[PDB]
file structure_18.cif (mmCIF, C-alpha atoms and all ligand atoms)
data_data
#
loop_
_atom_site.label_atom_id
_atom_site.label_comp_id
_atom_site.auth_asym_id
_atom_site.auth_seq_id
_atom_site.Cartn_x
_atom_site.Cartn_y
_atom_site.Cartn_z
CA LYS A 1 -133.87 100.86 -38.53
CA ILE A 2 -130.72 102.78 -37.44
CA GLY A 3 -127.27 101.23 -37.88
CA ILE A 4 -124.11 101.98 -35.89
CA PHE A 5 -120.79 101.18 -37.60
CA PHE A 6 -117.43 101.82 -36.00
CA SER A 7 -113.86 100.60 -35.59
CA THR A 8 -111.28 101.05 -32.87
CA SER A 9 -107.75 100.29 -31.76
CA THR A 10 -107.88 100.76 -27.97
CA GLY A 11 -111.63 100.38 -27.43
CA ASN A 12 -112.62 103.98 -26.63
CA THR A 13 -114.74 104.23 -29.79
CA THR A 14 -116.51 101.02 -28.82
CA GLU A 15 -117.68 102.62 -25.58
CA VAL A 16 -119.16 105.56 -27.47
CA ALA A 17 -120.81 103.28 -30.05
CA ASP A 18 -122.44 101.28 -27.22
CA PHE A 19 -123.68 104.46 -25.57
CA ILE A 20 -125.35 105.64 -28.80
CA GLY A 21 -127.10 102.26 -28.95
CA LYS A 22 -128.39 102.76 -25.40
CA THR A 23 -129.76 106.24 -26.12
CA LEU A 24 -131.60 104.87 -29.20
CA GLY A 25 -132.99 101.72 -27.58
CA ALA A 26 -135.04 99.48 -29.87
CA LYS A 27 -134.67 101.86 -32.84
CA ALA A 28 -131.04 100.79 -33.38
CA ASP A 29 -129.21 97.58 -34.11
CA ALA A 30 -126.23 96.64 -31.93
CA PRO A 31 -123.05 98.42 -33.05
CA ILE A 32 -121.02 96.59 -35.67
CA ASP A 33 -117.25 96.76 -36.05
CA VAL A 34 -116.38 97.41 -39.70
CA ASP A 35 -113.77 94.62 -39.49
CA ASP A 36 -116.75 92.30 -39.07
CA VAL A 37 -118.51 93.42 -42.21
CA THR A 38 -118.37 90.93 -45.05
CA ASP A 39 -121.06 92.46 -47.28
CA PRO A 40 -120.73 96.25 -47.53
CA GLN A 41 -124.24 96.28 -49.04
CA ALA A 42 -125.53 95.82 -45.51
CA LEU A 43 -124.90 99.55 -44.97
CA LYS A 44 -127.94 100.23 -47.14
CA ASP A 45 -130.44 98.30 -45.00
CA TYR A 46 -130.79 101.28 -42.64
CA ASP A 47 -132.54 104.62 -42.54
CA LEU A 48 -129.69 106.36 -40.72
CA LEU A 49 -126.12 105.35 -39.93
CA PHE A 50 -124.03 106.54 -36.99
CA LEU A 51 -120.32 106.04 -38.02
CA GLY A 52 -117.51 106.32 -35.51
CA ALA A 53 -113.73 106.30 -35.61
CA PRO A 54 -110.69 107.48 -33.71
CA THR A 55 -107.65 109.25 -35.30
CA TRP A 56 -104.32 107.36 -35.00
CA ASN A 57 -102.20 108.26 -38.05
CA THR A 58 -101.37 111.89 -37.32
CA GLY A 59 -101.15 114.19 -40.35
CA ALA A 60 -101.86 111.41 -42.90
CA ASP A 61 -103.69 112.41 -46.06
CA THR A 62 -105.57 109.12 -46.16
CA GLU A 63 -106.03 106.19 -43.78
CA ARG A 64 -106.20 108.44 -40.75
CA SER A 65 -108.07 106.19 -38.33
CA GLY A 66 -105.47 103.42 -37.91
CA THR A 67 -108.43 100.99 -37.79
CA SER A 68 -110.33 98.63 -40.10
CA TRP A 69 -111.94 101.76 -41.62
CA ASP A 70 -108.66 102.38 -43.50
CA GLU A 71 -109.17 99.31 -45.73
CA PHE A 72 -112.97 99.49 -45.77
CA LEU A 73 -113.14 103.06 -47.12
CA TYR A 74 -111.11 102.29 -50.26
CA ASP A 75 -111.68 98.63 -51.05
CA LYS A 76 -115.31 98.11 -50.05
CA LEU A 77 -117.30 101.35 -49.74
CA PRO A 78 -116.83 102.30 -53.41
CA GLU A 79 -119.16 99.40 -54.25
CA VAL A 80 -122.10 100.82 -52.29
CA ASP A 81 -124.65 103.23 -53.78
CA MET A 82 -125.68 105.38 -50.81
CA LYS A 83 -127.85 107.93 -52.56
CA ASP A 84 -129.65 110.10 -50.03
CA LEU A 85 -128.82 107.99 -46.94
CA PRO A 86 -128.09 110.17 -43.95
CA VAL A 87 -124.86 109.46 -42.04
CA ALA A 88 -123.81 111.05 -38.77
CA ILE A 89 -120.12 110.83 -37.85
CA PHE A 90 -118.61 110.77 -34.39
CA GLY A 91 -114.84 110.75 -33.90
CA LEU A 92 -112.51 110.33 -30.94
CA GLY A 93 -109.25 112.22 -30.51
CA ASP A 94 -107.09 114.21 -28.14
CA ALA A 95 -107.19 118.03 -28.27
CA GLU A 96 -104.25 118.28 -25.85
CA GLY A 97 -101.88 115.88 -27.58
CA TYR A 98 -102.88 116.84 -31.16
CA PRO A 99 -103.97 120.46 -31.08
CA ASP A 100 -103.30 120.82 -34.81
CA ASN A 101 -104.80 117.48 -35.86
CA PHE A 102 -107.91 117.17 -33.70
CA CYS A 103 -110.17 114.36 -34.91
CA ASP A 104 -108.81 114.59 -38.46
CA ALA A 105 -110.33 111.19 -39.33
CA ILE A 106 -113.85 112.66 -39.33
CA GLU A 107 -113.16 114.53 -42.57
CA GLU A 108 -111.97 111.36 -44.30
CA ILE A 109 -115.08 109.36 -43.39
CA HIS A 110 -117.23 112.36 -44.34
CA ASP A 111 -115.62 112.73 -47.78
CA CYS A 112 -115.63 109.00 -48.63
CA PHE A 113 -119.31 108.55 -47.74
CA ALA A 114 -120.29 111.81 -49.52
CA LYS A 115 -118.70 110.46 -52.73
CA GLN A 116 -121.07 107.53 -52.57
CA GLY A 117 -124.09 109.89 -52.42
CA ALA A 118 -124.60 109.74 -48.64
CA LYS A 119 -125.93 112.80 -46.87
CA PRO A 120 -123.82 113.89 -43.89
CA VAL A 121 -125.79 115.20 -40.91
CA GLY A 122 -125.10 116.08 -37.27
CA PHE A 123 -122.55 118.88 -37.72
CA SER A 124 -121.33 120.39 -34.42
CA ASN A 125 -120.02 123.65 -33.03
CA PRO A 126 -116.26 123.84 -33.64
CA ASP A 127 -115.86 125.93 -30.47
CA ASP A 128 -116.85 123.15 -28.02
CA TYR A 129 -113.24 122.01 -27.50
CA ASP A 130 -110.04 124.05 -27.32
CA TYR A 131 -107.72 123.06 -30.18
CA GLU A 132 -105.84 125.04 -32.87
CA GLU A 133 -106.79 123.22 -36.05
CA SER A 134 -108.51 120.22 -37.58
CA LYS A 135 -109.09 119.02 -41.14
CA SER A 136 -112.64 118.21 -39.93
CA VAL A 137 -113.70 121.90 -39.64
CA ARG A 138 -115.17 123.20 -42.91
CA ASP A 139 -117.19 126.34 -43.50
CA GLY A 140 -117.26 127.15 -39.77
CA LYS A 141 -118.60 123.78 -38.66
CA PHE A 142 -117.25 120.42 -37.50
CA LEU A 143 -118.31 117.72 -39.99
CA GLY A 144 -119.41 115.41 -37.18
CA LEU A 145 -119.15 115.21 -33.41
CA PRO A 146 -115.59 115.19 -32.05
CA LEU A 147 -115.03 113.61 -28.61
CA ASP A 148 -111.99 113.70 -26.32
CA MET A 149 -112.09 110.66 -24.02
CA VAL A 150 -108.43 111.17 -23.09
CA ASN A 151 -108.84 114.52 -21.32
CA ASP A 152 -112.59 114.39 -20.62
CA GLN A 153 -113.09 118.14 -21.00
CA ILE A 154 -116.83 117.47 -21.53
CA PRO A 155 -118.84 114.61 -20.01
CA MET A 156 -119.45 112.10 -22.85
CA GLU A 157 -123.01 110.95 -22.06
CA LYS A 158 -124.63 114.42 -22.04
CA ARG A 159 -122.77 115.51 -25.18
CA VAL A 160 -123.54 112.37 -27.18
CA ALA A 161 -127.19 112.14 -26.07
CA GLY A 162 -127.83 115.77 -27.12
CA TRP A 163 -126.13 115.13 -30.46
CA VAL A 164 -128.10 111.92 -31.06
CA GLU A 165 -131.31 113.85 -30.37
CA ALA A 166 -130.32 116.58 -32.83
CA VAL A 167 -129.56 113.95 -35.49
CA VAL A 168 -132.88 112.15 -35.05
CA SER A 169 -134.67 115.51 -35.32
CA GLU A 170 -132.74 116.56 -38.40
CA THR A 171 -133.35 113.30 -40.23
CA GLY A 172 -136.90 112.64 -39.06
CA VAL A 173 -136.08 108.98 -38.38
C1 LIG A 201 -100.12 107.28 -31.45
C2 LIG A 201 -101.29 108.08 -31.28
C3 LIG A 201 -101.60 109.02 -32.28
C4 LIG A 201 -102.80 109.75 -32.14
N1 LIG A 201 -103.10 110.70 -33.13
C5 LIG A 201 -104.20 111.51 -32.90
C6 LIG A 201 -104.46 112.56 -33.83
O1 LIG A 201 -103.66 112.76 -34.94
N2 LIG A 201 -105.58 113.37 -33.60
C7 LIG A 201 -106.37 113.21 -32.49
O2 LIG A 201 -107.45 114.02 -32.30
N3 LIG A 201 -106.11 112.19 -31.57
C8 LIG A 201 -105.01 111.36 -31.77
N4 LIG A 201 -104.80 110.35 -30.84
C9 LIG A 201 -105.76 110.13 -29.86
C10 LIG A 201 -106.59 108.87 -30.12
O3 LIG A 201 -107.52 109.08 -31.19
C11 LIG A 201 -107.40 108.57 -28.82
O4 LIG A 201 -106.51 108.10 -27.82
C12 LIG A 201 -108.58 107.72 -28.98
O5 LIG A 201 -109.42 107.75 -27.81
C13 LIG A 201 -108.32 106.36 -29.35
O6 LIG A 201 -109.58 105.81 -29.75
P1 LIG A 201 -109.75 104.15 -29.73
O7 LIG A 201 -109.56 103.60 -28.14
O8 LIG A 201 -111.28 103.69 -30.27
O9 LIG A 201 -108.61 103.44 -30.76
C14 LIG A 201 -103.64 109.60 -31.03
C15 LIG A 201 -103.30 108.66 -30.03
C16 LIG A 201 -102.11 107.93 -30.16
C17 LIG A 201 -101.82 107.01 -29.12
#

call {"tool": "encode", "arguments": {"input": "structure_18.cif", "output": "structure tokens"}}
result
Amino acid sequence: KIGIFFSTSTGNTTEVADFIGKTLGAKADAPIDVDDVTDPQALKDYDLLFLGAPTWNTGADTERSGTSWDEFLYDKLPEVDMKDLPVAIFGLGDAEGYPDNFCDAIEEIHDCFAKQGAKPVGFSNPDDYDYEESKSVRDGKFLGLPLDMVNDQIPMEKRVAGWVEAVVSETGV
């Protein structure tokens, strides 16, 4: 079973989370907003997790999403043993408004989950979007899939569907 966990402030992330669900069909559970998670142990009942979050707190070291993820990452996640579970991160941002901080929240989610033993998958080509810098680019790769739903430089559906496919291939789920 594949799980989809996200959070949002203005609902853009929700749209993306729903779309992933549609591409996966019966293989995925309906997306769950992190704010709705009582038991963080639920995260472990899946074979693969798609995690999504926007970036709202520009330049912040921690709590970059400005969503329920900010509390969840530090108060709840530390209690979950995620050894070997693959997680694929998608993040929403604005390459035009924040050229130097493009989808910075991806790195935070990546690092927090990695610390729990999770295995990040679904890296993407940092060249897809035009931006100057991001904390989410490491070793020549984006640590997840960045999306710009503000400027729509790249049609969302085709980009996400291709990424989902790559993730399913990589993980064998
Ligand atoms: C106040 C504000 C700050 C933002 N900061 C960033 C940022 O630092 N980096 C980025 O890539 N996008 C930034 N954005 C863009 C948001 O991530 C984007 O609008 C996103 O689609 C919102 O996702 P949501 O509707 O799920 O909350 C910011 C937007 C606003 C309004």

call {"tool": "residues_near_ligand", "arguments": {"input": "structure_18.cif", "ligand": "ligand LIG 201 (chain A)", "cutoff": "6 Å", "atoms": "only C-alpha atoms and all ligand atoms", "output": "list in words"}}
result
residues 8, 9, 10, 11, 12, 13, 54, 55, 56, 57, 58, 92, 93, 94, 95, 98, 101, 102, 103, 104, 149 and 150 of chain A

call {"tool": "atom_distance", "arguments": {"input": "structure_18.cif", "atom1": "atom CA of residue 26 of chain A", "atom2": "atom CA of residue 170 of chain A"}}
result
19.2 Å

call {"tool": "residues_near_point", "arguments": {"input": "structure_18.cif", "point": "(-103.7, 108.6, -48.5)", "cutoff": "12 Å", "atoms": "all atoms listed in the file", "output": "list in words"}}
result
residues 57, 58, 59, 60, 61, 62, 63, 64, 65, 66, 70, 71, 73, 74, 105, 108 and 112 of chain A

call {"tool": "closest_residue", "arguments": {"input": "structure_18.cif", "among": "A:113, A:5, A:163, A:142", "to": "residue 81 of chain A", "atoms": "only C-alpha atoms"}}
result
A:113

call {"tool": "residues_near_point", "arguments": {"input": "structure_18.cif", "point": "(-118.3, 119.7, -35.0)", "cutoff": "12 Å", "atoms": "all atoms listed in the file", "output": "VMD selection string"}}
result
chain A and resid 88 to 92 102 to 104 106 to 107 110 120 to 129 134 to 147 159 to 160 163

call {"tool": "atom_distance", "arguments": {"input": "structure_18.cif", "atom1": "atom CA of residue 49 of chain A", "atom2": "atom CA of residue 167 of chain A"}}
result
10.3 Å

call {"tool": "decode", "arguments": {"input": "structure_18.cif", "residues": "segment 36-63 of chain A", "atoms": "C-alpha atoms", "output": "short mmCIF file (atom, residue, chain, number, x, y, z; two decimals), in the first residue's frame"}}
result
data_model
loop_
_atom_site.label_atom_id
_atom_site.label_comp_id
_atom_site.auth_asym_id
_atom_site.auth_seq_id
_atom_site.Cartn_x
_atom_site.Cartn_y
_atom_site.Cartn_z
CA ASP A 36 -5.05 15.04 10.71
CA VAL A 37 -2.54 12.49 11.92
CA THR A 38 -2.97 11.46 15.53
CA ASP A 39 -0.72 8.37 15.50
CA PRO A 40 2.56 9.01 13.68
CA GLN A 41 3.09 5.23 13.68
CA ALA A 42 0.60 5.09 10.83
CA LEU A 43 3.43 6.25 8.53
CA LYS A 44 4.90 2.76 8.82
CA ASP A 45 1.87 0.89 7.47
CA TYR A 46 2.96 1.63 3.89
CA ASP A 47 5.47 0.36 1.38
CA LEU A 48 6.15 3.82 -0.07
CA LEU A 49 5.23 7.32 1.04
CA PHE A 50 4.76 10.36 -1.20
CA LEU A 51 5.30 13.46 1.06
CA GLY A 52 4.39 16.95 -0.10
CA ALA A 53 4.80 20.47 1.20
CA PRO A 54 5.00 24.07 0.06
CA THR A 55 7.65 26.61 1.26
CA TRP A 56 6.25 29.64 3.16
CA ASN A 57 8.91 30.76 5.67
CA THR A 58 11.57 32.16 3.35
CA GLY A 59 15.18 31.63 4.44
CA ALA A 60 14.27 29.87 7.71
CA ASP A 61 16.69 27.24 8.98
CA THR A 62 13.85 25.08 10.30
CA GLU A 63 10.05 25.10 9.97
#
